[PDB]
């Protein structure tokens with residue numbers, strides 16, 4: 001998506017009915033920054049949230 | 001150990017181990033003191049017998 005929300009009035013969305021893919025986002029590495037807390041950034045996609 | 005990067009896990013684990021060990025040490029010490037009181041009672045019973 002080319003349009004991320006305005007920060008002035010940003011809106012949180014909720015995620016359900018997903019196959020976790022943290023390791024997919026991470027491995028494709030399209031984002032330059034991947035810094036995780038509580039979850040290893042080193043592809044930890046073993047967990048179920 | 002399955003959620004955090006190894007060194008992050010080491011910090012969180014050290015916090016948890018210390019907590020668990022201090023709870024056990026408190027427990028063991030209290031039983032050791034109560035056990036001593038029980039020994040004293042047992043010695044009295046043996047005398048009465």
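FYI the Cβ positions are ideal-geometry reconstructions off the backbone, even for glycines, and counts take in every protein chain you see. Bear in mind that the values in this text are calculations on the coordinates, not laboratory data.
This table checks each residue for (1) within 14 Å of chain A (Cβ to nearest Cβ); (2) over 12 Å from the mean Cα position of the chain (by Cα).
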| position | (1), (2) |
| --- | --- |
| B:4 | yes, yes |
| B:12 | yes, yes |
| B:16 | no, yes |
| B:22 | no, no |
| B:30 | no, no |
| B:41 | no, yes |
| B:44 | no, yes |
| B:47 | no, yes |
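Restricting attention to the range A:29-47, does a residue exist that is closer than 25 Å to residue B:12 by Cβ, within 14 Å of chain B (Cβ to nearest Cβ) and not in a loop (DSSP other than H, G, I, E, B)?
Keep residues of the range A:29-47 that are closer than 25 Å to residue B:12 by Cβ, which gives A:33-47.
Now narrow it down to the ones that are within 14 Å of chain B (Cβ to nearest Cβ): A:34-47.
After this cut, where a residue has to be not in a loop (DSSP other than H, G, I, E, B) as well, the list is none.
No: zero hits.
If you check every pair at least six apart or on different chains, which have Cβ atoms under 8 Å apart with a residue in the range A:12-36 that is without any contact (Cβ under 8 Å) to a residue 40 or more places away in the chain first and a residue that is loosely packed, with under 10 Cβ neighbours inside 10 Å and in a loop (DSSP other than H, G, I, E, B) second? Cβ pairs passing all conditions: A:20/A:48; A:20/A:49; A:25/A:31. Does the range A:15-22 include one or more residues that are within 13 Å of chain B (Cβ to nearest Cβ) and either more than 12 Å from the chain's Cα centre (by Cα) or surrounded by 10 or more Cβ atoms within 10 Å (Cβ to Cβ) (or both)? The answer is yes, given that some residue of the range A:15-22 is within 13 Å of chain B (Cβ to nearest Cβ) and either more than 12 Å from the chain's Cα centre (by Cα) or surrounded by 10 or more Cβ atoms within 10 Å (Cβ to Cβ) (or both).
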